[PDB]
Amino acid sequence: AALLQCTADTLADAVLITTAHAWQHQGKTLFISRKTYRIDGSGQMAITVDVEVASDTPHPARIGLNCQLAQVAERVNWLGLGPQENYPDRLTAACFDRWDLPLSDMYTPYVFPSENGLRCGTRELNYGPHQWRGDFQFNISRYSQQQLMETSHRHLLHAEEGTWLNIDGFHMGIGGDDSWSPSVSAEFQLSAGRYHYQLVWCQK
Amino acid sequence: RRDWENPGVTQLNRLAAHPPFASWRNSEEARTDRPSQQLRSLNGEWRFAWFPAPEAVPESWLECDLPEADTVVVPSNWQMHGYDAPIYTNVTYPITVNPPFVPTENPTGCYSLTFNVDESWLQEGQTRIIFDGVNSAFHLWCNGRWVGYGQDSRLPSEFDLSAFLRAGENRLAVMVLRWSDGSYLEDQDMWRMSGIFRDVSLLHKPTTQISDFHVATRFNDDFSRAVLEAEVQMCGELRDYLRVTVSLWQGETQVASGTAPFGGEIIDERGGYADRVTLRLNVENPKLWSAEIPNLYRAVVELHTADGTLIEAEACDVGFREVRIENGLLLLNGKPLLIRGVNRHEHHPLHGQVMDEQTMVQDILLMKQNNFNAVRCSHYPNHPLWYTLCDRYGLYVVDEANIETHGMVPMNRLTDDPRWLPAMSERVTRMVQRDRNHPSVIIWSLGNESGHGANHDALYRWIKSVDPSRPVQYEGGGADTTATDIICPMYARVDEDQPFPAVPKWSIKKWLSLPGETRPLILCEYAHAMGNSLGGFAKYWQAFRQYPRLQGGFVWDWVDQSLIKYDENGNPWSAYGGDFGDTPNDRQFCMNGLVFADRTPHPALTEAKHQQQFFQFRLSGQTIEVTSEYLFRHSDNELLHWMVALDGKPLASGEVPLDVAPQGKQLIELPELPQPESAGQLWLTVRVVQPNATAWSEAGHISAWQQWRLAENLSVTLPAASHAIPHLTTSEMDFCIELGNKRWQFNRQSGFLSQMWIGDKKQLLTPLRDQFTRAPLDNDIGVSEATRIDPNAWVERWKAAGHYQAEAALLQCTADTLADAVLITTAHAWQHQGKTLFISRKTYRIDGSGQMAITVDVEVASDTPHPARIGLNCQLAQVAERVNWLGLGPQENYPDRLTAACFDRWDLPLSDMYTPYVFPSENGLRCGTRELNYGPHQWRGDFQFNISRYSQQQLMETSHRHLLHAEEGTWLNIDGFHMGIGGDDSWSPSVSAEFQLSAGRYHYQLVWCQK
Ligand SMILES: CC(C)S[C@@H]1O[C@H](CO)[C@H](O)[C@H](O)[C@H]1O
Ligand SMILES: [Mg+2]
Ligand SMILES: [Mg+2]
Ligand code: NA
Ligand code: NA
Ligand code: NA
Ligand code: NA
Ligand code: NA
């Protein structure tokens, strides 16, 4: 990430932080993320995200935010599709409702580890003292994406300090018509060029 | 005898039907298709008088010109002369349904003609008269004496006048009835007119003559050898010395000739036809006919004496081609066709149903220029010249019997009744007898929309038995009955089933594979081009390409059936149903074409041309792969032009020769490029160009094109810093923003930007506000009507929900000052009787440079019908001459109808940004736009828009284009999102789900600035 801009402004009833970053490679600009963070008198932080994806780069696996929370809590409660793991091209069986499970159930122990546990069409996620509202997809667990990537067997995984949260505005399909050639259908590829999503983070 | 109220009587004294004749008395003339001294036209000025019913006609008329008659041009439709009104009704018959009766008030046209006949015509031989088209029934007298009677408005009626004429002056009298029992089989969706509307001629033939002749062509497996077989029949006295010679010419070269005396092979226990003879000519390596290369030969049939005196000669153009269905595919010359067709009614805005050579040729060329290769004669045999033009310019034709009984209940009420078999039969048999020698006719059709009755099965069989060279099709009764060789549905969708009882319309992909089915499928009608339509056209093409047995279709239809009317002040305008006092009527349903009545194209025609391209393309790296879809020709009149441009700015370009075999591929490696001097999207556009003129096109004609996005350079560099800083003035009713010579006013009570100035010049006539509706297209309205609402119609759904009446309620309007800009934030709710339909949240941010960035986030209740659009609208104070944009164009294009548009920088006169649909509606949108310029204004983002002198309100409140009036200033509609237009049919919702705005939440952003 290359910082293009970062500015703060005071509003009548809020503070407004605007940022813009570029991800580039070998001089090519892959994505541009432009954001605003508006913090109001109520303690709510509204994050608006607008991303640009170069038409000539391979469509990305996801368009989201990620962070590692200090907090390790017992349950995860959400208003969205569930209760089991579901992806854009595999979410018909999931149901929209209020679900609440123990943290470990939000991790799926595939023998060969990979991205896992996503839950789509969520409008509210609650974990510990935190609350995220919007219309997004998310996964939450004790294993970083980096660690999943680097580890070939589930028994060699180690819970990291804290909890890793991956909150996506958009996520690519997982496919499966076969497992030896690209099989994610065009309609589940993130080829829009321009993507927007908005999240509000607040405590309890 | 009231013969016009009896389906048992369809004619009296009418001669048998036969292929086009001219009785040449010179072989060379027949060979070259020159005019014949023996075939005279009686067209021109005749006398005509109108009466309200046959009973009102005075007997004196039979012998004397009526002084009150007028002199008029024939052929003609009397409605076009103003004698009575033409009627526009679709399905419901224009007369009470009570077969075989017709109204006692039955408009009657009394035509007469005084003309001369050479004594030579009477001293020997036979003189007959031929009426190519009389609608719908008539009696004929000659010199005061009755000759005969005829029905079937679309085939020629011939009578022998030899015993009625005199050398010198003669007088014909023709009493034409508007309505007859024949009207029950003539219920086609088109204007109901009447009259002698096709040519009148006199033909002289010798007493001993050629009475009919049939030509066939059969081939070997590889088409390297043919046998042409000509069966010739005679009438008149047989003599041993008579002979028949059939000769076949290829240009000026004679390829073959055979001669034989009359006397056919034994047929049965009783012998053979002493009055017939069949000649067989061998042809090596024949030049095959197709729509791609319409090679033609000329066969000349000479009747003569053994000593060599010519009696007469007849002749026809021959196209060597085989039509057959095998293994589920329709093959032409052994290869599978892909029918790029269109249905074409015979219609002229000034002359009604009278056809002329110039208009036909016009039609043909435009069809060919727009990639069509086939036409369906909806829904009757056409004027004879049509077939000759199709044979020579090369178009595949579906010849269809003049039988349509759509208004019956149930539809097959007459077609299943044996009492009507006779009348039906002649409409089919006489067509086959007239048209069977035309190579362009590849398929026969039993008619249209007359259910499926036992009469169709018998006639299907009659054709199969008499003319095995062409398949038979018929859509009635569910499109896959026993009376059809081809599954030929009308308006069946690509993927969506429409499971109506008894006659479902399955998805065409699914239909092919139903248990036990194996036939090819070609839609007889699809992509109902009514008004702003053709949404989803590409979906069909894609399917046709992928599925071998989906062999194409015939779009409905070629040309709008609008008619010219003159305002009080003599100004012509386009009229539709009801416009002549005709009632009941079906209004604008007579207008469904790809071109307006004057042949100017509608925007959809370009979508068709594009999807019907004959060259397909693929891009990989710097390699262009061109695939030919031609079946028979090499690309010998084509080159490929390619261009690369960065956001409209030309970068590199070039041309390459195309040398692709039919069905073959050609790889073209593009040069290395001098990559963009900066940010933006590089676009590659390729066009196939025919350098040389052809019979149907000019030099440089563009036949196909395609585009691809190549490299994109996202901009990361920040614009410089403007020292200038915008100022905010607040009052209780308004928020104001000023920046140098610029100012913006946002109204605090409305929450909208109400005014803007450049200098002291006000820029807006009406404030900038959200817009969620559109003046309804014909597809949006369907068959709904004020006196008969169709609740299912999109328009009724939007109306019912309050979309057209919802009012904006302000929920928030705030102003903030940033470091370098003013930020205005608004939120509105649109409601209707308690319900919140839509929510629009926006921010307007005005910086030091005078750019206004507008962010819009809209919520749409999941339970209200999907909106027609999500956008903004305003009336600008200025009217500029041009409109310039970087986006798709140049023609109007919608979400489900934009494949043919290309991304580039376009610039047009404002008037071309408005599409003049006769029935006005939302029109002229351009999609995928990144920049729009008009006057001093500039809008940037990723939106769709339309710009014109007509408000949406006016468009929806006006039924005819001629009545629109340019308002002050310019109406601009800039949409973040816009619903598809649909068109699979125009009587039920047809916009595919992927084109409905059902997302719930939508975001778009625009920058508005002045230059
Ligand atoms: C209106 C439909 C119920 S019937 C529909 O009407 C169209 C109107 O142009 C065409 O005439 C079609 O052939 C006919 O099926
Ligand atoms: Mg009759
Ligand atoms: Mg009909
Ligand atoms: Na892994
Ligand atoms: Na096909
Ligand atoms: Na119609
Ligand atoms: Na060529
Ligand atoms: Na209108």
Side-chain angles (χ1 to χ4, degrees), chain B residues 529-535 560 574 591 594-596 600-607 771 773-780 868-876 878-935 937 939 943-967 969-983 995:
Chain B
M530 175 179 190
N532 193 350
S533 191
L534 247 69
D560 279 353
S574 296
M591 296 184 304
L594 289 183
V595 299
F596 285 105
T600 294
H602 275 136
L605 184 63
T606 180
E607 188 77 356
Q771 180 169 228
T773 52
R774 78 181 169 202
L777 313 190
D778 267 313
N779 291 338
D780 295 332
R869 49 151 46 95
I870 293 171
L872 293 172
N873 81 294
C874 63
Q875 193 182 358
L876 300 167
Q878 158 132 38
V879 171
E881 315 179 352
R882 321 282 306 180
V883 179
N884 168 293
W885 77 110
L886 183 70
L888 305 166
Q891 303 195 51
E892 171 195 280
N893 56 90
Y894 286 77
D896 58 347
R897 196 189 78 224
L898 55 64
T899 68
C902 278
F903 180 85
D904 210 308
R905 163 95 56 195
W906 303 100
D907 185 293
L908 301 172
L910 171 73
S911 61
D912 284 3
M913 306 296 294
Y914 153 65
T915 304
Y917 294 116
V918 170
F919 167 76
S921 59
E922 144 77 32
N923 68 92
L925 199 81
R926 268 81 168 164
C927 288
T929 298
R930 301 312 286 290
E931 179 201 304
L932 170 67
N933 305 292
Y934 188 61
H937 300 293
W939 303 264
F943 53 83
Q944 338 309 322
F945 69 94
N946 68 42
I947 182 166
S948 77
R949 304 286 295 288
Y950 313 120
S951 59
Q952 288 291 288
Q953 175 176 359
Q954 186 182 169
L955 295 169
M956 104 181 79
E957 279 172 356
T958 304
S959 67
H960 288 63
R961 68 185 186 178
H962 71 290
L963 298 177
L964 289 167
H965 67 263
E967 310 183 15
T970 302
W971 279 96
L972 173 68
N973 292 300
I974 283 197
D975 289 336
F977 303 87
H978 194 108
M979 176 174 149
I981 62 185
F995 297 101

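Chain letters run A, B, ... following the sequence lines, proteins first and then strands; every chain starts at 1.
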request  = Report the residues that fulfil salt bridge (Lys or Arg N to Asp or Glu O under 4.0 Å) with B/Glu931, sequence neighbours left out, ordered by chain and then residue number.
outcome  = B/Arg905
request  = Take the angle between the ring planes of B/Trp939 and B/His937 and call it parallel below 30°, perpendicular above 60°, tilted in between.
outcome  = tilted
ask   = What distance do B/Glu607 atom CD and B/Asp896 atom CG have between them, rounded to the nearest 0.5 Å?
value = 8.5 Å
ask   = Can you tell me how far OG of B/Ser948 sits from CG of B/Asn946, rounded to the nearest 0.5 angstrom?
value = 6.0 Å
query = Can we call the ring centroids of B/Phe943 and B/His978 under 6.0 Å apart?
reply = no
message = Between B/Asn923 and B/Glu892, is there a side-chain donor-acceptor contact under 3.5 Å, judged purely by atom types and distance?
response = no
inquiry  = For B/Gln878 and B/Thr970, which I'm curious about, is there any donor-acceptor pair between the side chains at under 3.5 Å?
reply    = no
inquiry  = With a 3.5 Å distance limit and no angle check, can you tell me whether B/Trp906 reaches the backbone of B/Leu888 through a side-chain donor-acceptor pair?
reply    = no
request  = Apply the test side chain to side chain contact (heavy atoms under 4.5 Å, CB included) to residues B/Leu594 and B/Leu534: give CA-CA distance (whole Å), side-chain angles for both, the deciding distance (0.1 Å), then the verdict.
outcome  = CA-CA 9 Å; B/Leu594 289 183; B/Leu534 247 69; 4.2 Å; yes
ask   = Considering only heavy atoms from C-beta outward, does the side chain of B/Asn532 approach that of B/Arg897 to under 4.5 Å?
value = yes
query = B/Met913 and B/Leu908: which non-hydrogen atoms are nearest, and at how many Å?
reply = SD-CD1, 3.9 Å
inquiry  = Measuring only between side-chain heavy atoms, which start at C-beta, is B/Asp780 closer than 4.5 Å to B/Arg774?
reply    = yes
task = Could you check if a side-chain atom of B/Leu925 sits within less than 4.5 angstrom of a side-chain atom of B/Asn973, using non-hydrogen atoms only?
result = no
message = For the residue pair B/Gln952 / B/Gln771, report whether a side-chain donor-acceptor contact shorter than 3.5 Å exists.
response = no
ask   = Do the rings of B/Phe945 and B/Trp885 sit parallel, tilted or perpendicular, given the 30° and 60° boundaries?
value = perpendicular
